[PDB]
Amino acid sequence: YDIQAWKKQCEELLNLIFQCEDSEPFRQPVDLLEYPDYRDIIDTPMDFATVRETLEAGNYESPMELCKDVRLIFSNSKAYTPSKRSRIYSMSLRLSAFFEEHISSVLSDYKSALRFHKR
Ligand SMILES: COC(=O)c1ccc2ncccc2c1
């Protein structure tokens, strides 16, 4: 029932994601010189460095906020890909599976702790 424990759990999950080869396209903002039409398709850019900086600044109030920004990384990849068989999109699907498998217990433990607080 620790209402604060989600933050270190999210820091350690971001560390695993940065060690994964599949995160490399997603670590920094998409390069607009490399992809000159990017902002014609994508209204809200997002990347893992932005997620980690928002967490370390104390600008997430809950793990659900962090989960919404990480899911935006993956939806941007799906919207920008020219093909469902593209290399970078394929990397996004593996990394999304890994993220969802790990964030499940973080969300469950937080929501249980808050229900206990408010009992
Ligand atoms: C041929 O596919 C691509 O070049 C591609 C596909 C997905 C992407 N996702 C994010 C950033 C860049 C991306 C690029």
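In what follows, the structure referred to is the one given above.
Here is a short report on the structure shown in this document. (Residues numbered from 1 in each chain as written, not as in the entry; some residues may be left out. Heavy atoms only, no water. Residues with missing side-chain atoms left out of burial classes, pairs and counts.)

**Some points on the site of the ligand**
Right, on to step 1. Around the ligand, a shell composed of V30, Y35, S77, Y80, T81, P82, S86, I88 and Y89 is seen.
Right, on to step 2. At 3.5 Å, a side-chain N or O of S86 approaches an oxygen atom of the ligand.
Right, on to step 3. Within the complex, 81% of the 350 Å² of free accessible area of the ligand lies under protein.
Right, on to step 4. When residues of the shell around the ligand are traced back to their parent elements, those giving at least two are α4 (63-80) and α5 (87-117).
Right, on to step 5. Here the shell around the ligand is composed, by residue class, of six nonpolar, three polar and no charged. (Near = heavy atom within 4 Å. Polar contact = N/O pair within 3.5 Å; in protein donor to acceptor, adjacent residues only side chain to side chain. Areas by Shrake-Rupley, 256 points an atom, 1.4 Å probe, with all protein chains shown as cover. Helix = DSSP H or I, 4+ residues; strand = E, 2+ residues; numbered from the N terminus. Nonpolar A, V, L, I, M, F, W, Y, C, P; charged D, E, K, R; others polar.)

**Observations concerning the environment of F99**
Right, on to step 1. Mapping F99 onto the fold places it in helix α5.
Right, on to step 2. The sequence separation of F99 and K7 amounts to 92 residues, and the corresponding C-alpha distance is 15 Å.
Right, on to step 3. Contact partners of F99, with chain neighbours within four places excluded, come to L13, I17, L66, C67, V70 and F74. (Contact = heavy atoms within 4.5 Å.)

**Considerations on the packing of aromatic side chains**
Right, on to step 1. On inspection of all chains with the given rule, the structure shows five aromatic pairs.
Right, on to step 2. Seen from their ring centres, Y1 and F116 are 4.0 Å apart, and the 5° between their planes marks the pair as stacked. Here the residue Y1 occupies a position in the segment before α1 (6-19), and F116 occupies one in helix α5, the gap between them amounting to 115 residues.
Right, on to step 3. One aromatic cluster is present, built from ring pairs that chain together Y35, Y38 and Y80. (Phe/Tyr/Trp six-rings, centres within 6.5 Å; stacked < 30°, edge-to-face > 60°.)

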